[PDB]
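The authors' numbering runs 1 ahead of the 1-based position in the sequence shown.
A short worksheet on the structure shown next.
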Amino acid sequence: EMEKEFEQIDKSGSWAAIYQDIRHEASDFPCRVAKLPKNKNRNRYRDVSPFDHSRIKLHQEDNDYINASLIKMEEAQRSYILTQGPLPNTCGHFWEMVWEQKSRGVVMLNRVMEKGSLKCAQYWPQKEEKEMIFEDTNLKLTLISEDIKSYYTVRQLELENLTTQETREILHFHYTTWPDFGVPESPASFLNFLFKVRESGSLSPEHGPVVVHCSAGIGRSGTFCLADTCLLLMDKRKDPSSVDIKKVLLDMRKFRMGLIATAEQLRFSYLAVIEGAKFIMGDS
Numbered sequence: 002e003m004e005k006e007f008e009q010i011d012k013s014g015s016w017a018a019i020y021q022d023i024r025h026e027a028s029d030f031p032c033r034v035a036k037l038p039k040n041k042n043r044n045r046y047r048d049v050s051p052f053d054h055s056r057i058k059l060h061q062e063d064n065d066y067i068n069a070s071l072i073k074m075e076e077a078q079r080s081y082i083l084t085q086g087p088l089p090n091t092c093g094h095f096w097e098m099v100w101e102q103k104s105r106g107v108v109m110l111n112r113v114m115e116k117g118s119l120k121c122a123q124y125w126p127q128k129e130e131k132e133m134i135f136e137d138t139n140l141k142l143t144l145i146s147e148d149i150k151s152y153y154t155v156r157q158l159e160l161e162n163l164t165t166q167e168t169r170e171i172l173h174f175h176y177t178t179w180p181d182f183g184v185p186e187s188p189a190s191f192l193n194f195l196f197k198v199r200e201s202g203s204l205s206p207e208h209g210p211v212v213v214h215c216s217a218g219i220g221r222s223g224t225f226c227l228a229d230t231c232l233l234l235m236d237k238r239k240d241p242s243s244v245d246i247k248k249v250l251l252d253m254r255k256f257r258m259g260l261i262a263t264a265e266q267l268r269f270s271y272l273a274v275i276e277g278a279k280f281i282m283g284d285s
């Protein structure tokens with residue numbers, strides 16, 4: 002299994018080089034809509050944009066733009082929407098997208114404030130008595146309950162379409178202990194969070210794709226998604242060896258640029274995968 006390749010790269014200190022070549026090989030597609038002057042304030046990072054071919058479009062004739070990409074993994078048959086942490090002006094959009102795409106879960110792998118700066122808006126209500134209503138998108142959001150734990154918190158939110166008056170339970174999985182641009186050192190904590198996300202059914206085919214985000218929606222998001230798909234493919238085939246993580250990542254990269262922000266996050270992905278393989282291989 003890839004545990005050997007890991008053993009090698011590690012003992013050869015080739016992680017940075019391995020990673021750079023992935024960059025060298027990554028797809029390049031236009032992000033023209035993202036770059037339109039009108040969408041300037043809809044993007045958190047000038048350098049992180051959704052390709053036009055895979056971007057999620059809002060169902061509104063006004064401005065259908067949201068910095069979000071539909072990562073569609075055909076082989077594994079799993080889809081994810083990776084997106085930047087919503088901005089003060091784009092939280093309505095974010096929830097409109099969650100609604101229109103029929104998402105059931107939202108995986109947040111960052112904190113509103115990191116390294117002294119605001120890396121994401123507070124797009125969800127922290128107290129059940131104080132719900133949020135997104136006037137622009139005409140949606141109401143309410144916290145029904147939350148289960149806070151050591152390094153993560155799961156929240157149960159109710160999103161209501163004030164138009165159709167319809168209601169939906171949205172599960173919010175928030176990893177609170179993962180360093181920006183970092184690795185959550187210990188595949189254990191990551192995998193435990195991953196499996197909690199899985200067990201919720203949020204990742205199931207019967208639901209729209211799960212919305213995964215961090216600040217830019219490429220580093221830690223890439224990691225979550227990469228480790229999950231790799232484990233999914235090993236599962237389908239019940240054959241850990243048939244999985245090439247670099248090929249998997251390069252395929253995710255055709256849907257959104259920059260997934261896996263540092264060589265360590267890549268190294269971490271192997272770790273989480275090789276270790277998650279245990280369980281996936283019958284050692285539940």
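The C-beta atom is built at its ideal place from N, Cα and C for all residues, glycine as well.
How long is the line joining the alpha carbons of residue i and residue j, rounded to whole angstroms?
i: residue 74; j: residue 150; result: 31 Å
i: residue 259; j: residue 274; result: 20 Å
i: residue 105; j: residue 211; result: 6 Å
i: residue 64; j: residue 35; result: 11 Å
i: residue 112; j: residue 120; result: 7 Å
i: residue 132; j: residue 33; result: 36 Å
i: residue 164; j: residue 37; result: 30 Å
i: residue 224; j: residue 245; result: 15 Å
i: residue 116; j: residue 110; result: 15 Å
i: residue 29; j: residue 46; result: 18 Å
i: residue 14; j: residue 236; result: 30 Å
i: residue 166; j: residue 242; result: 49 Å
i: residue 226; j: residue 7; result: 19 Å
i: residue 9; j: residue 268; result: 12 Å
Report the residue from the options whose alpha carbon sits nearest the alpha carbon of residue i.
i: residue 99; options: 208, 21, 197; result: 208
i: residue 82; options: 76, 57, 94, 236; result: 57
i: residue 22; options: 205, 228, 213, 261; result: 261
i: residue 72; options: 248, 15, 257, 282; result: 257
i: residue 200; options: 155, 168, 61; result: 155
i: residue 247; options: 25, 12, 13; result: 25
i: residue 178; options: 170, 189, 153; result: 153
i: residue 87; options: 9, 8, 66; result: 66
i: residue 61; options: 139, 222, 13; result: 139
i: residue 2; options: 285, 27, 278, 284; result: 278
i: residue 280; options: 229, 266, 102, 182; result: 229
i: residue 182; options: 130, 232, 188, 217; result: 217
Taking the continuous alpha helix (DSSP H) assigned at residue i, which residues delimit it?
i: residue 237; result: 220-238
i: residue 273; result: 264-281
i: residue 35; result: 33-36
In chain order, what residues of the same chain lie with their CB nearer than 6 Å to the CB of residue i, ignoring the 5 residues before and after it?
i: residue 68; result: 44, 51, 85
i: residue 107; result: 173, 212
i: residue 123; result: 113
i: residue 234; result: 77, 244
i: residue 264; result: 16, 17, 20
Which residue marks the beginning of the beta strand (DSSP E) containing residue i, and which one marks its end?
i: residue 157; result: 153-162
i: residue 106; result: 106-109
i: residue 167; result: 167-176
i: residue 79; result: 79-84
Output needed for residue i: all residues of its chain with C-beta closer than 7 Å, excluding positions within five of it in sequence on either side, in chain order.
i: residue 90; result: 42
| query | Are three or more beta carbon pairs between the region 136-143 and the region 152-172 nearer than 8 Å? | reply | yes
| query | Three or more beta-carbon pairs under 8 Å between the region 87-98 and the region 181-198, yes or no? | reply | Taking 8 Å as the limit for Cβ pairs, the verdict is that the region 181-198 does not touch the region 87-98.
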